[PDB]
Amino acid sequence: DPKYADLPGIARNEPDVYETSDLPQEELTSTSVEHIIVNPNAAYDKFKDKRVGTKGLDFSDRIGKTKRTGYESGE
Amino acid sequence: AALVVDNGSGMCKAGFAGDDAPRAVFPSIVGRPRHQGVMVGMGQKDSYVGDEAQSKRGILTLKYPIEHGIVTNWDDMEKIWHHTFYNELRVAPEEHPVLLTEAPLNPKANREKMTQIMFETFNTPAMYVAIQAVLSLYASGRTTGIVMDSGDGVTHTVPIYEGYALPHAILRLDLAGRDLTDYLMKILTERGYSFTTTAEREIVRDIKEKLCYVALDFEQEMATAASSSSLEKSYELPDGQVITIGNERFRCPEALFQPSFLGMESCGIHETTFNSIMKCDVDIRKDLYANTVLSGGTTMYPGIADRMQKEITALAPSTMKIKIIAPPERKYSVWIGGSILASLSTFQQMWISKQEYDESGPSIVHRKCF
Amino acid sequence: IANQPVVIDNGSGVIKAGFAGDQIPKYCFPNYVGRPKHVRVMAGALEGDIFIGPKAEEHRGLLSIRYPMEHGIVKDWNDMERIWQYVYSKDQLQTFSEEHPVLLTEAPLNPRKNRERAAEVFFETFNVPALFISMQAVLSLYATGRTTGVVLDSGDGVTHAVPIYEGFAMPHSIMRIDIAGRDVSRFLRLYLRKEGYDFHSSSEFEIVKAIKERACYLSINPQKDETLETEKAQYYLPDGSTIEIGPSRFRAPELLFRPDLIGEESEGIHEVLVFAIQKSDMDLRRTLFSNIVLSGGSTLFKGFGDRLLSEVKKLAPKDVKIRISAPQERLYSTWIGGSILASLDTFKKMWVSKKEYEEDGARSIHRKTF
Amino acid sequence: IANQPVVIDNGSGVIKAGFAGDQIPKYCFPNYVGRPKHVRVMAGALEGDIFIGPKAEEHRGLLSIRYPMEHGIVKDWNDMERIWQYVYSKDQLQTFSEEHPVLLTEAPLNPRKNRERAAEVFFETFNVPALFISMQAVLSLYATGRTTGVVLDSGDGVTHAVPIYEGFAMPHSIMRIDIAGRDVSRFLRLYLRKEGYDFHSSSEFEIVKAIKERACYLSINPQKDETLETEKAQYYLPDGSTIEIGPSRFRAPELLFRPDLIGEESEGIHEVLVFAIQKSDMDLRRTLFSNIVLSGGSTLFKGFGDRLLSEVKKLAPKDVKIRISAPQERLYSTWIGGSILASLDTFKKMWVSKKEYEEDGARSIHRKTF
Ligand SMILES: Nc1ncnc2c1ncn2[C@@H]1O[C@H](COP(=O)(O)OP(=O)(O)OP(=O)(O)O)[C@@H](O)[C@H]1O
Ligand SMILES: Nc1ncnc2c1ncn2[C@@H]1O[C@H](COP(=O)(O)OP(=O)(O)O)[C@@H](O)[C@H]1O
Ligand SMILES: Nc1ncnc2c1ncn2[C@@H]1O[C@H](COP(=O)(O)OP(=O)(O)O)[C@@H](O)[C@H]1O
């Protein structure tokens, strides 16, 4: 009796939850495009020590020479 | 020769080719009275319709048979139809091809069902249904023009160019003054007035049309109203009550510019129309400023033309010369355009006969109605 | 002053009050109007027969009781003056307006004039140092502890459904129809009118109220129960009126869910309810269908929750079951929420200082009303 | 070093981020901004109004979606600032921008101004030690290992094909057109509009998105399967609704090849791809058929590539050898290749020294980047 005789206007006997009952791609047939089985370390060893050098790494839309192709120095 | 019947969820009209005034003019709403349980004598009609229902509006409840194109019951709609025919013209449908209208966004099954029953029930020789906007610019006098429909429950921006147009360019929001009627009725309820039945709706739509003028900036207008309440005009109803409103009057159509009054996650009529213009050619958009054609029955309110003009004026550059075409008769003009359409023999060579549905079925409805 | 503030509550049928810390409102005082039945032959009597509780139980000769706030719609205020005045009098809480701040709620969908008049009393006549006005369902939520949930409740003459998630609710999504128990009492006596009994004044109305809340229940199959057979038990008044009732003892859902069968224009709690829920976010709607706060101080009958479940089953997207919530007593939850409200930091940022009222009043009332 | 390079996988639809060596997907999330939608005063609610995540993908009717990104180009950079702050969260980042290197993705051919504004934030507001941004195509190729490559892909708004071999960029050979999934949603909605199903809200938009990545498959025959008779089995919706299959689901991606039906002219994805092949050389063309690219998460469809291969049959001459996968995660693939890329030795030269950005900035990066 927290407030039974005290206050007769407070809720009880209420099942306000509203229940229910327990009642519970890879079309590779085509020949469209391949994939590669990821192995980050394999590709890491693939691109292992490419000493690419960026001498004059310029790719602007400048017009003053013949052509521009950076990422060119090697070992 | 023909059978011209303009339609509308409210205003439904009729007559024939060459006629300038629609013979049939009535509210196309379905009235359902208070059928109670105790006995009574001498009876009445099962459910009076529009004018029939308005005559005895005290019991008859004119609920909507359509909802922004969503026809509730085809049966009741036919009752409206049949009685209207045998109320106004009293002519059989086998006389001439019929003429009716519709608007987009409608599932093709509705227009198919429509025409299907039109041949079923009526067995007309031929028939035809079109788009209101076509008759609008058709009666206007252009093949290149952007208009917008503001009926009782519809809104749609139609840009045309030499007759050509694009469905992608034509935009649509089927929202209109009925929503405003709801908004206005509830805010006046907040003011302290009772509103339960459909007669409440009728009186408020009445005074709504009687007071929805268009001012410019509600901030200063509101400031002047609170300052001087002289704008708060009074009006005595059929009942002894006399209400006084000033803001309410013109601020009710401001929701057309702002969905914020209803919180609709939408855009203003002006910017919506602007985007419709944006779906075009840079040259023809200029023509839209030139062909700023206006329609819709809920555009019989003074001031908004200058408003929308100023809106797009702030939107479009100064070089875009605005040329608003504002016909104050656009409401009836669709029916009139239908009559003019019914006057061009070539169009009356193009038809939808019996055998088309009898054999072809309803696919010709998709490729022949428009 | 840092005393315990007065927490006045409200109610169309049962109005409450209290302090920030009371766990029980000391008086379960109903909302009514004590008056004389005839012109008192001798002057200098119990002026207006302002009677409360035992004073109302004192005599019955020249005593006509009414309501000063019909179904939440309050019209006059002199009765309210004396009622509040009696509360202010040192028989209720033995305190003053100035001695304690006052918390109070208000029913929605009301004109501002009500708020105007009340604040005029509370600051002009009586002097509240810090007041406040709020809602009711919010307080009920605080009592239940939920801050979310489809709130639903129904007072003595006011019914309302408010969809809520974290307190948020759209006014468009908020629905309310003010019709409950008082008219049920009117119809109980109307049932007995068909049965031929005593019908002269409010005394019988009191009797019928005692019946309604005492010698009345609600069944589930009115067609079956109407076609069934009972011997119709009776009651004993101070006269000992052994009167039989029958179906009329439980003919109330034809007022709750089907009041239109009394040739009336309404919908049904469940209908308007579900519609308001449908105004929300469909998926959030689905989630909140599992948590629908059900309440109501008048909805105190067995089986009616099952009838509501039947409405649910007819309206829920089937197999998404929603069982019965059966809260028996629903009164003080609002009073409890107000006690918890004023007991927290809330009123400190939510008061209405008398000074600010003196400065602006209605301006401050509505600038701080939300 | 503890300062692990922060990989950022920003795409149109799919958007992510990452780190070097940490192969596995860190944190997935969508590409928009979540604004609040309604008000209240009641306690028991979350505030901040910038809501992204579970509450965003939970309280859809309480938060609106904001896409400042238009085909990979954002207009309101402050939204990205908030997005990046959501990234900066120590529930998301747990670190500081100024303490770690940063790599980022970008679709090519975008205006430099975007990059400028981006780097302004990325260095001025956040003194990031190292930063480099590149093409997702490159990252994908690094993930593959083929020096060759014609990256054909689409996010949710951009079609693009990148022919390359050993990193050799022929900008005249590379092509793109801003179109993908956003219009797929729009066209889905268009069919809904054709059948009366208005789903315009931000919440409604995600519902359509669920339909998109839920109710879809294909057919190698356009009209041969289009002119037939469907079945349209209904499907249960997250509201409790159930709507038909519709042939439209597979009809929608054909708009990618027939955009004239939507109105704008284009050529055909595979056609522009062939044009790139034509811009290449005879010898390399054989390798082009040998070197095919599985890219774009939108491509997830049944018999997708089958139909595209048939188009190739209709275009390319004989002796065409094209083959297929067993794809793992076409999406993450790019980001993964970038993570491995971020885990490289000589990769240190690829960034931008912030000090140089202070000195010159953008233009120097533009010339240093491709
Ligand atoms: N004379 C008028 N003045 C102001 N408003 C009007 C007037 N006549 C009609 N309206 C408005 O138009 C609507 C009534 O319908 P309307 O006259 O546009 O024909 P309709 O039935 O809408 O045609 P449709 O349904 O085909 O669009 C109402 O919203 C009303 O406010
Ligand atoms: N057992 C009952 N059956 C029907 N109605 C009742 C019962 N008990 C109380 N009521 C009515 O319900 C009302 C309580 O609802 P409430 O939320 O308190 O509204 P109010 O505050 O206006 O009284 C009481 O005023 C009373 O008239
Ligand atoms: N099953 C599916 N059907 C259709 N579209 C999909 C499916 N799965 C993913 N998508 C879309 O594909 C896009 C993924 O493309 P992606 O190559 O990741 O570019 P981005 O990173 O710009 O999105 C996403 O926008 C996503 O919405």
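Conventions and cut-offs
- Residues numbered from 1 in each chain as written, not as in the entry; some residues may be left out.
- Chains lettered and ligands numbered in written order.
- Part of a larger assembly, values for the part shown.
- Heavy atoms only, no water.
- Residues with missing side-chain atoms left out of burial classes, pairs and counts.
- Helix = DSSP H or I, 4+ residues; strand = E, 2+ residues; numbered from the N terminus.
- Rg over C-alpha atoms; globule rule 2.2 N^0.38 Å.
- Contact = heavy atoms within 4.5 Å.
- Nonpolar A, V, L, I, M, F, W, Y, C, P; charged D, E, K, R; others polar.
- Pairing = 2+ DSSP bridges.
- Right-handed = clockwise from strand over helix to strand, strands pointing away.
- Domains from an automatic or database assignment.
- Axes fitted to C-alpha atoms, helices over the stretch in contact; angles between N-to-C directions.
- Parallel < 35°, antiparallel > 145°, perpendicular 65-115°, else oblique.

Participant: Please give an account of the overall build of chain C that cites residues and values.
Facilitator: Scanning chain C from N- to C-terminus turns up 14 helices and nine strands. Taking 21 Å as the expected radius of gyration for a compact globule of 370 residues, we find that chain C reaches 22 Å, a close match to that expectation. Each principal axis of the C-alpha atoms in chain C carries an extent, and together these give about 65 × 65 × 35 Å. Counting contacts in chain C only where the partners sit at least 6 residues apart, residues at least 24 apart contribute 57% of the total.

Participant: I'd like a description of the overall build of chain A, backed by residues and values.
Facilitator: Helices and strands together make up the secondary structure of chain A, namely one helix and zero strands. Its C-alpha atoms give chain A a radius of gyration of 36 Å, more than 25% over the compact-globule value 11 Å for 75 residues.

Participant: Break down the interface of chain D and chain A for me, citing the residues and quoting the values.
Facilitator: One frequent convention defines the size of an interface as the accessible area lost when the parts assemble. Each partner contributes residues to the interface: chain D has 20 residues there, and chain A has 16 residues. Contributing elements (two or more residues each) for the side of chain D that touches chain A: α3 (136–144), α10 (304–315) and α13 (362–368) of chain D. The leading source of residues in the side of chain D that touches chain A is α13 of chain D, at three residues. For the side of chain D that touches chain A, the class distribution of residues is nine nonpolar, seven polar and four charged.

Participant: Give a description of the pairing of strand β5 (residues 130–134) of chain C that names residues and reports values.
Facilitator: Residue and element names in this part refer to chain C. Two elements, strand β4 (residues 102–105) and β5, share four bridges in a ladder whose sense is parallel. If you follow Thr105 over to β5, its bridge partner there is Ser134. What joins β4 to β5 is helix α2 (residues 112–125), and the crossover it makes is right-handed. Across two bridges, the pairing between β5 and strand β9 (residues 352–353) is antiparallel. Residue pairing for β9: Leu131 is matched across the bridge by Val352.

Participant: So what's going on with the domain arrangement of chain C? Which residues, and what values?
Facilitator: Residue and element names in this part refer to chain C. Once the domains are mapped, chain C shows domain 1 (1–136 + 334–368), domain 2 (137–178 + 267–333) and domain 3 (179–266). Inter-centroid distance (C-alpha atoms) of domain 1 to domain 2 is 28 Å. With ten residues of domain 1 at the interface, the matching set in domain 2 holds twelve residues. For the side of domain 1 that touches domain 2, the per-class residue count stands at three nonpolar, seven polar and no charged.

Participant: Explain the sheet that holds strand β1 (residues 3–4) of chain B residue by residue, including any values.
Facilitator: All names here are of chain B. In spatial order, the strands read β1-β6-β7; together these three strands make up an open sheet with parallel pairing. On the outer flanks of this sheet lie β1 and β7 (127–131), each paired with one strand and no other. Contacts from helix α4 (residues 132–140) reach β6 (98–102) and β7, with the element oriented near 80° to β7.

Participant: Give a description of the packing of α4 of chain B against helix α13 (residues 330–341) of chain B that names residues and reports values.
Facilitator: Residues and elements named next belong to chain B. Where α4 contacts α13, the axes come no closer than 8 Å and their chain directions differ by 80°. Between α4 and α13, the angle is such that the two are roughly perpendicular. Between α4 and α13, the contacting residues are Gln132, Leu135 and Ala139 on the first element and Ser333, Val334, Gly337 and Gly338 on the second. When the residues that make up the contact of α4 with α13 are grouped by side-chain class, the tally is three nonpolar, four polar and no charged.

Participant: I'd like a description of the environment of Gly149 of chain D, backed by residues and values.
Facilitator: All names here are of chain D. Within the element layout of this structure, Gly149 appears in the loop between α3 and β9 (150–154). Between the C-alpha atom of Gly149 and that of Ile292, which follows or precedes it by 143 residues, the distance is 6.9 Å. With residues up to four places along the chain from it excluded, the contact list for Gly149 reads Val162, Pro163 and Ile164.

Participant: Would you mind going over the arrangement of the chains in detail, with residue names and values included?
Facilitator: Out of five pairs of chains that touch, the pair holding the most contacts is chains A and D. Taking C-alpha atoms only, the smallest gap left between chain A and chain B, which are not in contact, amounts to 31 Å.

Participant: Give a detailed account of the sheet that holds strand β8 (residues 175–177) of chain C, specifying residues and quantitative values.
Facilitator: Residue and element names in this part refer to chain C. Strands sit in the order β6-β7-β8 across an open sheet of three strands; the sheet is antiparallel. The open sheet has two free edges, formed respectively by β6 (149–154) and β8, since each of these has just one partner strand. The sheet shows a mean angle of 10° between the axes of neighbouring strands, direction not considered. Of the strand pairs in this sheet, β6 and strand β7 (residues 159–164) are connected by six bridges, and their pairing is antiparallel. The residue of β7 that forms the bridge with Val151 is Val162.

Participant: Mind laying out the packing of α3 of chain D against helix α11 (residues 330–342) of chain D, listing which residues take part and the relevant values?
Facilitator: Residues and elements named next belong to chain D. In the contact formed by α3 and α11, the axes pass within 7 Å of each other and the chain directions differ by 80°. Comparing the axis directions of α3 and α11 gives the class roughly perpendicular. Each of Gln136, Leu139, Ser140, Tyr142 and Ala143 in α3 lies in contact with α11, whose residues at this interface are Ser333, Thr334, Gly337 and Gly338. Per-class residue counts for the contact of α3 with α11 are three nonpolar, six polar and no charged.

Participant: Tell me about unusual backbone geometry, residues and numbers included.
Facilitator: Residues and elements named next belong to chain C. Here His71, not a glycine, exhibits a phi torsion of approximately 45°, which is positive. Mapped onto the fold, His71 is located in the loop between β2 (69–70) and β3 (73–74). The backbone of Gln94 shows a phi angle near 55°, a positive value even though the residue is not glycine. Looking at where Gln94 falls in the secondary structure, it is placed in the loop between α1 (78–88) and β4.

Participant: Could you give an account of the environment of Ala14 of chain B, with specific residues and numbers?
Facilitator: The topology assignment puts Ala14 of chain B in strand β2 (residues 11–14). Taking C-alpha positions, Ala14 of chain B is 32 Å from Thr196 of chain B, a pair spaced 182 residues apart along the chain.

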